[PDB]
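What follows is a single chain, given as structure tokens, in the form deposited in one PDB entry.
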């Protein structure tokens, strides 16, 4: 923590946070989701961490460098330690990354390091080659070299993810699935595990062996598993909880913002809500049709009326607060909605759709109260604004996904959330060849712009190329952007060190402190 000049710290440095649900695992290679990731960041530390602005900063690695973005060397601090006092070494990371990708581990995030194209990983993931073929090696006890099969300039940024944290081989081998129990677990983060009471609480204690412990302020943090969002708020109001989980209904959000607005933190998050157009099915292979749909949607109504949760109207795919993004708002976004509607209907007229002979589209969405509500709202705006008729169509997750990959739809409710804070986390899903491209968008120009982002060495040039990529997407109207996500939580005014500037909400108890109150 960096306690600002002049702040007086409370005598009692303890914190109670609601974590939203019972975490199932504390093992970094078994976790999935936010609740497990929150606790993981307190217990285990990777080569890099996210600073208060969400930018990469030194973790176990004090520095790093690279040759052509293909061979990366991490210089581990020599005083990094586990909770049993033993050194964190480069071999810990070799063991851990091999375990991460091993199909025997069945990690929910097994494929996460494939974003980095570590040599050998594709076949290792499929179980066709041994984990010891992975291009990670310990040059000595404090030096890790990672070899990639192609250039990845942003490789270092991936290494804040909890699935890239080290784990202790000796504990795992001695205890198996019981290695994370309070008596057995060995950790290298700012905190250790004290108590784990199922359905009650997880209690972590400040770890004296942590290399940066002199800068840690909170001595104990408790994580609670309250799934009821209103209950979480009630217990916050009663003084038991210092920080709620980052979720609440809209009507309670509205009331809280009126009574304690500074305590309701509404923070941008790297997900985009959009309608995915199937670009390969007629008439949606017609850019004029796609453009009409894009312009006809009224984002302001969706965001201020049908939501009112402080979600921000979207003009593109990559959120503009993505680190590495400097996005231009397209001209159409600064028009009035009527002007958008007019220009839209004009486009539809050219494509042969006028008031006598209008377009009908089917809108696919996965069964959900939010998605149903938005889809009814979407249908109504397109009908009224641009004369387009919409037939709602709903399916169950597995079928909804399969349908999208098969291309048996017109337009689909969609959301994408970034796995890491860099524009490629969104943009690579629109490459023609991407297995994630359910828009079925195929633009040689787009792919060409993106290919070049891996060749440039200058960050400013890369950023300019990502902007060009978004501009190409928008010119082709690949999708209908609706909004960029926010997450809301309550934080007591005496809880310091929570800025909300990290759009992946990768926070750490070691950054926080209790102000005297």
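Numbering follows the first chain given and starts at 1.
One more form of this protein, deposited in another entry, exists but is not displayed; see below.
Of the two rigid parts that account for the motion between this form and the one not shown, one contains residue 289 and the other residue 178. Compared with the form shown, the residue 367-residue 246 C-alpha separation decreases in the other form, the change being 3 Å or greater. Whereas the displayed form keeps them at a certain spacing, the CA atoms of residue 58 and residue 323 lie at least 3 angstroms farther apart in the other form.
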